[PDB]
Protein chains: 2
Amino acid sequence: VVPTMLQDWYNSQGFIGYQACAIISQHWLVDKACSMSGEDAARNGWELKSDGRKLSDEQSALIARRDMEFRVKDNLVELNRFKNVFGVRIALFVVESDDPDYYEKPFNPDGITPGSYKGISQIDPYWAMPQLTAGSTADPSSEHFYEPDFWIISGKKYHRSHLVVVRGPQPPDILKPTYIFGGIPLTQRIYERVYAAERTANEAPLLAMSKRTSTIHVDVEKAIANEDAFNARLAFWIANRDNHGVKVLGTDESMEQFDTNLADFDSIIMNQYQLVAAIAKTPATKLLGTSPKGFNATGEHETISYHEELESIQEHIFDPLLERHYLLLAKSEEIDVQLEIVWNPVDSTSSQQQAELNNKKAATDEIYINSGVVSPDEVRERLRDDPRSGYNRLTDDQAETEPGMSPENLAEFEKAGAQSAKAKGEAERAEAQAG
Amino acid sequence: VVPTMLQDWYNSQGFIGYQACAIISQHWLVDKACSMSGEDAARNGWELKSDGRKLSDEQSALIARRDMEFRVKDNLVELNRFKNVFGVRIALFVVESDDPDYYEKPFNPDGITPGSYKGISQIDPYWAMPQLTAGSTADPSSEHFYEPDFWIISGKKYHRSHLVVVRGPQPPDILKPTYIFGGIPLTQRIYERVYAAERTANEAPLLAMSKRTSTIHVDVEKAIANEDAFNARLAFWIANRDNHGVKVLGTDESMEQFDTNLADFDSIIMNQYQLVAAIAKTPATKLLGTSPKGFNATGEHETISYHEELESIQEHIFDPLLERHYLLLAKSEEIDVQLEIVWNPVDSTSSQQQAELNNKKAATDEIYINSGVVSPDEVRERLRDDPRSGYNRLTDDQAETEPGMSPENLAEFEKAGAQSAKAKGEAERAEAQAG
């Protein structure tokens with residue numbers, strides 16, 4: 001069985017509250033930890049793919065205009081940030097309909113009334129109130145068990161399907177209502193470790209101020225009698241204290257001196273900041289600005305652990321938001337073909353590395369074209385629909401489109417075919433003259 | 001539940017105030033932290049593309065003249081700097097209209113009266129006053145909840161859409177009014193860490209001044225009788241103190257000496273400066289001039305964490321300003337096509353690295369042209385509209401524009417087709433003679 005001390009040590013990590021989370025979020029370290037996690041994932045942006053190869057130019061211009069008027073980038077960045085701050089975040093796609101009870105029925109893609117998608121809003125948890133139906137609470141076997149069917153925001157109750165909910169680590173069922181059916185907040189995860197790190201960082205300067213504590217053993221009952229000339233003389237000493245002046249003090253007087261050793265505070269401070277980074281799932285290079293004291297220099301393992309793992313998780317968190325946004329944008333406006341989202345690579349590599357990447361990819365393209373695998377048209381389309389490739393602005397023209405020809409093998413094929421015709425004709429002449 | 005001590009330790013990080021921010025901003029550390037963040041992002045500048053290939057030269061010259069008269073670079077640099085200093089900055093695009101209530105209606109791109117865009121101004125937060133409407137305060141579900149609809153600057157109330165607002169980390173809703181609906185100021189983030197770092201930097205010289213504290217134990221009740229010849233003798237000793245003369249002092253006198261150990265102050269100082277860099281999200285190489293003591297040498301991870309992440313954040317902060325500026329600079333004047341801004345890469349790499357970059361890109365260009373992917377015209381246009389590429393003055397002529405010919409494959413194609421004509425004619429002659 002679990003011991004009582006370990007049991008109530010673990011049980012005391014309870015939910016702290018939305019007010020406490022908002023109050024603690026003012027601190028720089030928790031703000032940074034909740035901020036530069038999905039912001040880096042959202043940095044490189046996305047690209048539109050659709051069933052067709054290239055979207056129509058007017059369609060792309062309209063999509064860009066609507067995205068800029070809706071502020072999608074800032075929206076999902078704030079979504080991730082406050083989802084990390086609090087336990088959960090709610091994104092409501094505002095859309096206009098004639099029926100006052102529109103946000104009561106389950107969300108239907110047919111209920112459009114075109115030209116009605118006005119934008120999105122993000123509601124903090126204390127402004128909302130999850131509502132459980134009896135069908136969503138009675139049956140553990142139900143796939144919507146302990147999943148809020150409705151959310152009372154301002155009097156009215158928005159249905160679950162209408163809005164998009166992003167939540168934290170999803171605590172177990174028995175204590176899911178204790179988190180108001182949200183998630184475990186990163187503020188609750190790091191309001192203690194951050195405080196310990198900051199206070200240890202505080203203690204070294206403050207103790208260094210009172211490092212040296214030189215004291216003098218004066219006959220105090222003799223200083224009692226005057227105590228004005230005595231204080232004046234010692235104030236003069238303290239004012240003109242120097243490493244060349246000499247202090248005269250009588251017999252039966254010691255004047256000892258003590259000092260503190262502060263060499264071991266740095267290890268404690270950086271050990272706590274490393275744990276801040278550990279809880280934040282973000283490298284200490286990103287949070288602290290560099291690797292902490294004595295730790296091994298950050299490497300390929302940490303770069304793939306951060307740039308690839310956590311950013312892909314944040315991108316799959318963003319994906320419901322972008323998917324519903326593009327549904328309610330495309331289908332609501334006059335379109336013909338549905339839309340889908342491709343995520344740009346998030347490596348943020350330097351210019352030299354980007355050039356090396358482009359050169360190696362060009363070598364692969366040349367090898368494939370020369371071997372006759374892919375036509376240059378595919379390479380043209382890849383360069384056009386590939387940012388950071390050097391050429392995002394080429395033309396509207398078309399390449400050969402024949403499966404891996406290139407001018408070299410085009411000339412070779414024409415010359416070989418004509419020479420083959422010549423040789424077959426000369427062979428037929430040889431048959432005729434030999435016969 | 002959060003404890004009382006941790007709770008009121010976190011609650012104490014309140015909003016210091018605009019006066020406090022302005023007063024603290026005089027310090028060098030906070031000024032540098034707020035300065036060299038978006039200034040580096042703005043250094044490399046931008047380029048203009050529009051829907052067309054190249055803007056007409058008269059239009060480009062007019063745009064350059066207007067940008068120089070409006071000092072756009074300096075304004076956006078100051079915008080980022082004081083946005084970091086205070087919690088929020090307001091940029092108002094001044095424009096003239098007949099209606100004295102012009103800055104009351106929501107901003108409309110049609111309300112131009114051409115030749116009226118006179119420039120931009122930046123209003124400090126204490127000169128402004130946000131105003132919230134009942135529609136912007138009653139509904140948490142509203143998209144503009146807790147977003148000031150109007151800003152009283154000088155009596156009159158400018159609408160939100162008319163002006164561009166850049167704000168800090170956007171505190172949560174319950175304490176958003178406590179920041180006057182702005183952002184969390186970087187001065188509030190670093191007025192204590194900066195003080196601790198500077199005071200620790202002060203302590204080591206000041207204490208090193210009073211490092212040695214040699215004292216002499218003379219019978220003071222004997223010195224008291226004369227105390228003038230005694231003072232003169234000791235003053236003579238202190239004046240002619242040297243490591244060769246000898247000091248005579250009678251029996252029952254000790255003359256001990258104390259000294260302080262200061263080898264551990266450097267660790268504290270360079271830990272606190274590293275923490276200041278951590279707050280500023282700026283490398284210690286940029287702030288302190290070099291990596292601090294002991295810490296691993298700054299590398300590729302920190303360069304991609306600063307040059308790519310934070311500077312792109314500053315660029316997307318700048319983007320509303322440039323977008324509105326070009327809206328009211330293009331459409332206000334006589335133009336035909338809208339404008340779009342592209343951002344130069346911000347790496348500031350050395351000349352040798354730039355040459356290697358250009359050489360590798362030229363290798364990619366040669367590979368693609370030889371394989372028949374891209375025509376040399378695209379490479380010419382890229383070089384023309386690519387700064388730091390060596391060629392930015394070339395000529396106004398055109399390349400082949402056929403997709404990937406080059407003179408080599410042009411001559412090869414002509415010769416191959418001609419030899420094909422040869423071989424096919426000889427084949428026809430061979431069949432004619434064989435028949």
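Reading the values: rules and limits
- Per the conventions used, each chain is numbered from 1 along its written sequence, independently of whether this matches the entry, and residues without coordinates are not displayed.
- Throughout, the order in which chains and ligands are written sets their labels, letters from A for the former and numbers from 1 for the latter.
- Any value you read here covers just the chains shown, which are one part of a larger assembly.
- Working from all heavy atoms in the structure, the side-chain values ignore hydrogens and water.
- Remark: copies superposed by least squares on C-alpha atoms.
- Should any heavy atoms of two residues lie within 4.5 Å, those residues are counted as being in contact.
- Labels follow the DSSP assignment, with helices taken as runs of H or I lasting at least four residues and strands as runs of E lasting at least two, numbered in each case from the N terminus.
- For every residue, the accessible area (1.4 Å probe, protein chains only) is compared with the maximum for its type, and the residue is labelled buried under 20%, exposed over 50%, or partly exposed between those bounds.
- What counts as a salt bridge is simple: a side-chain nitrogen of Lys or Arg found within 4 Å of a carboxyl oxygen of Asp or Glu.
- Between N or O atoms, a polar contact is any pair within 3.5 Å; within protein, one atom must be a potential hydrogen donor and the other a potential acceptor, and residues adjacent in sequence are included only when both atoms are from side chains.
- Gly is put with the polar residues, along with every residue not named as nonpolar or charged; the nonpolar set is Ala, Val, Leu, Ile, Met, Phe, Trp, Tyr, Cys and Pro, and the charged set is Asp, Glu, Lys and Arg.
- Note: two strands are recorded as paired if DSSP finds a minimum of 2 bridges between them.
- Here, axes are lines fitted to C-alpha atoms. For helices the fit covers the stretch in contact, and angles between N-to-C directions go from 0 to 180 degrees.
- Should an angle fall under 35 degrees it is taken as roughly parallel, and over 145 as roughly antiparallel, whereas 65 to 115 is taken as roughly perpendicular and any remaining angle as oblique.
- By the definition used in this description, the sense in which the near helix is turned from the far one sets the handedness, with an anticlockwise turn below a right angle giving left-handed and a clockwise turn giving right-handed.
- Between rings of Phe, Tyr and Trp, where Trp is taken as its six-membered ring, a pair exists when centres lie within 6.5 Å; planes separated by under 30 degrees are stacked, by over 60 edge-to-face, and by other angles tilted.
- Only residues above 30% relative accessible area that lack a salt bridge enter a patch, with like-charged residues linked at up to 9 Å and the nonpolar side chains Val, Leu, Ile, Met, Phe, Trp and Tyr linked at up to 5 Å.
- We get accessible surface area from the Shrake-Rupley algorithm with a probe of 1.4 Å; when it comes to residues, only the shown protein chains can shield them.
- Residues counted as positive are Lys and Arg, residues counted as negative are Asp and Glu, and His and the chain ends are not counted.
- Charge coordinates come from a single atom per side chain, which is NZ of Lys, CZ of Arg, CG of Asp or CD of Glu.
- Criterion for a disulfide: a pair of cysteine sulfur atoms within 2.5 Å.

Structure determination for this PDB entry is given in the record as cryo-EM, at a resolution of 3.2 Å.

## Here we look at the relation of the copies chain A and chain B
Rotating chain A by 30° and moving it 0.0 Å along the rotation axis overlays it on chain B with an RMSD of 0.1 Å. Of all interface residues in chain A, a mere 15% are interface residues in chain B too; the two copies therefore contact each other through different surfaces.

## Points about the side chain of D365(B)
When you line up the elements, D365(B) lands in helix α14 (residues 351-371). A residue is classified by how much of its surface remains accessible, and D365(B), at 6% relative accessible area, is buried. Filtering out sequence-adjacent residues up to four positions away, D365(B) remains in contact with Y391(A), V379(B) and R382(B).

## Topic: unusual backbone geometry
If you check the backbone angles, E227(A) has positive phi at about 60° while not being a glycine. Summarising the element assignment, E227(A) is placed in the loop between α8 (220-223) and α9 (229-239). Of note in this structure, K281(B) is not a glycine but carries a positive phi near 60°. Looking at the secondary structure, you find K281(B) in the loop between α11 (265-280) and α12 (284-287). A relative accessible area of 33% places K281(B) in the partly exposed class.

## A word on the interface of chain A and chain B
Contact with chain A, which involves 129 residues of that partner, is made by 117 residues of chain B. Where chain A meets chain B, there are 6 salt bridges. Of the charged contacts, one joins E198(A) and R193(B) as a salt bridge, the two residues approaching to 2.8 Å between their closest N and O atoms. At the surface where chain A touches chain B, the tally comes to 37 residue pairs in polar contact. Per-element tally for the side of chain A that touches chain B: the top contributor is helix α15 (residues 406-434) of chain A, with 14 residues. Its residues placed into classes, the side of chain A that touches chain B shows 53 nonpolar, 38 polar and 38 charged. As paired elements, strand β8 (residues 247-248) of chain A and strand β8 (residues 215-216) of chain B share 2 bridges and run parallel to each other. For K247(A), the partnering residue across the bridge sits in β8(B) and is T215(B).

## Here we look at the pairing of strand β2 (residues 88-95) of chain B
Residue and element names in this part refer to chain B. Counting buried positions along β2 gives 6 out of 8 residues, so the element sits mostly inside the fold. Two elements, β2 and strand β7 (residues 163-167), share 5 bridges in a ladder whose sense is antiparallel. Bridge pairing in β7 links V88 to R167.

## Observations regarding the sheet that holds strand β5 (residues 150-152) of chain A
Residues and elements named next belong to chain A. Read from one edge to the other, the open sheet built from 3 strands follows the order β4-β5-β6, with strand pairing classed as antiparallel. On the outer flanks of this sheet lie β4 (129-131) and β6 (157-159), each paired with one strand and no other. Taken over all neighbouring pairs, the strand axes of this sheet differ in orientation by 30° on average, direction set aside. Of the strand pairs in this sheet, β4 and β5 are connected by 3 bridges, and their pairing is antiparallel. The partner of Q131 across the bridge, within β5, is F150.

## Some remarks on the packing of helix α3 (residues 28-35) of chain A against helix α7 (residues 186-209) of chain A
Residue and element names in this part refer to chain A. One way to put it is that α3 packs onto α7 with a least axis distance of 9 Å and a crossing angle of 135°. Put simply, α3 runs oblique to α7. At the point where α3 passes α7, the crossing takes the right-handed sense. On the side of α3, the interface is formed by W28, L29, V30, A33 and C34, while α7 contributes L186, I190, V194 and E198. For the contact of α3 with α7, a count of residues per class yields 8 nonpolar, no polar and 1 charged.

## Focus: the packing of aromatic side chains
Considering all chains together, one arrives at 33 aromatic pairs over all chains under this definition. Considering the side-chain rings of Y195(A) and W9(B), the 4.9 Å spacing of their centres and the 85° angle between planes classify their relative orientation as edge-to-face. Taken as a pair, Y195(A) in helix α7 and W9(B) in helix α1 (residues 4-10) lie in two separate chains rather than in one. Given a relative accessible area of 25%, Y195(A) falls into the partly exposed group.

## Details of the side chain of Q314(A)
Residue and element names in this part refer to chain A. Mapping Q314 onto the fold places it in helix α12 (residues 300-330). By relative accessible area, which is 4% here, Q314 ends up buried. For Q314, the residues in contact, after removing those within four places along its chain, are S37, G38, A41, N80 and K83.

## Observations concerning the pattern of salt bridges
Per the counting criterion, the structure on display carries 37 salt bridges over all chains. With its nearest N and O atoms 2.9 Å apart, the salt bridge here joins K211(A) to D264(B). Of this pair, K211(A) sits in the loop between α7 and α8 while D264(B) is found in the loop between α10 (229-239) and α11, placing the two residues in two different chains. Judged by its relative accessible area of 2%, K211(A) falls in the buried class. Residue classification places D264(B) among the buried residues on the basis of a relative accessible area of 8%. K422(A) is the salt-bridge partner of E426(B), the closest N and O atoms lying 3.8 Å from each other. A residue pair is termed interchain when its members come from two chains, as with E426(B) in helix α16 (residues 406-434) and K422(A) in helix α15. The buried category is assigned to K422(A), whose relative accessible area is 18%. Sharing partners across several salt bridges, the network here consists of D40(A), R43(A), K286(A) and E309(B).

## Digging into a negative patch on the surface
Residues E408(A), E412(A), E366(B), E408(B) and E412(B) make up a contiguous surface patch of negative charge. Every element with two or more residues in the negative patch is listed here: α15 of chain A together with α16 of chain B. Taking the relative accessible area as the measure of exposure, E408(A) reaches 44% and is therefore partly exposed.

## Focus: a nonpolar patch on the surface
On the surface, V1(A), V2(A), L6(A), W9(A) and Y10(A) cluster together into a nonpolar patch covering about 650 Å² of accessible area. The residue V1(A) is located in the segment before α1 (4-11) in this model.

## Things to note about the state of the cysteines
Residues and elements named next belong to chain B. Scanning all chains against the criterion turns up 0 disulfides over all chains. Just so you know, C21 is unpaired, no disulfide at all, and the nearest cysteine sulfur is the one on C34, 9.1 Å from it. The class of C34 is buried, set by a relative accessible area of 2%.

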